[PDB]
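S.K.: All residue numbers for the sequence shown refer to the authors' numbering, where the first residue is 282 and numbers rise by one.
Note that CB positions come from ideal geometry on N, CA and C, so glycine has one too.
Sending over a structure as structure tokens; questions will come in a sec.
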Amino acid sequence: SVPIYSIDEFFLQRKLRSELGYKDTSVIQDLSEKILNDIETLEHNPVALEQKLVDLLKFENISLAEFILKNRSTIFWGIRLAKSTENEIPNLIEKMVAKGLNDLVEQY
């Protein structure tokens with residue numbers, strides 16, 4: 282469900298606008314980064330991450346948690362690939378160092 286190549290820089294921002302409905306960009310910018318910041322901290326366990334995501338996205342009303350749960354690693358490392366411009370070559374070293382997670386086999 283959704284490869285790593287498909288996830289561009291503004292992938293999570295577009296998914297939030299379509300599902301939630303937020304017209305404003307700076308509401309999406311904070312909310313996209315706020316979900317991403319929760320993921321990196323709670324990579325240690327999946328069940329604790331669902332507790333926070335249910336609160337941010339405002340309960341079963343919207344939900345959208347299972348979509349982020351299955352793609353938690355893919356989106357976080359996916360957006361980091363497209364974000365870095367000019368200083369992208371030090372980030373391509375960081376992906377080699379950050380290899381505690383499973384090997385995402387994907388090339389350009």
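Alpha carbon to alpha carbon, how far is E300 from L382?
M.R.: 29 Å
S.K.: Rounded to whole angstroms, what's the CA-CA distance from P284 to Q294? Just pull it up for me.
M.R.: 17 Å
S.K.: Taking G359 as part of the alpha helix (DSSP H), name the residues at either end of that continuous run.
M.R.: Segment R353 to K364, the alpha helix (DSSP H) holding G359.
S.K.: In chain order, what residues of the same chain have a beta carbon less than 8 Å from the beta carbon of residue 238, not counting five sequence neighbours either side?
M.R.: Here the chain covers residues 282 to 389 and nothing more, so residue 238 does not appear.
S.K.: Taking 8 Å as the limit between beta carbons, can you name the residues of its chain near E387, skipping five residues before and five after?
M.R.: For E387, where only same-chain residues beyond five positions count, the Cβ hits under 8 Å are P284, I285 and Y286.
S.K.: Can you tell me where the alpha helix (DSSP H) with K304 in it begins and where it stops?
M.R.: Looking at the DSSP string, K304 is not in any alpha helix (DSSP H), and its letter there is neither H nor E.
S.K.: Return helix, strand or coil for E314, following the three-state DSSP convention.
M.R.: helix
S.K.: At what residues does the alpha helix (DSSP H) containing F340 begin and finish?
M.R.: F340 to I343
S.K.: Between which two residues does the alpha helix (DSSP H) holding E375 run?
M.R.: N372 to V378
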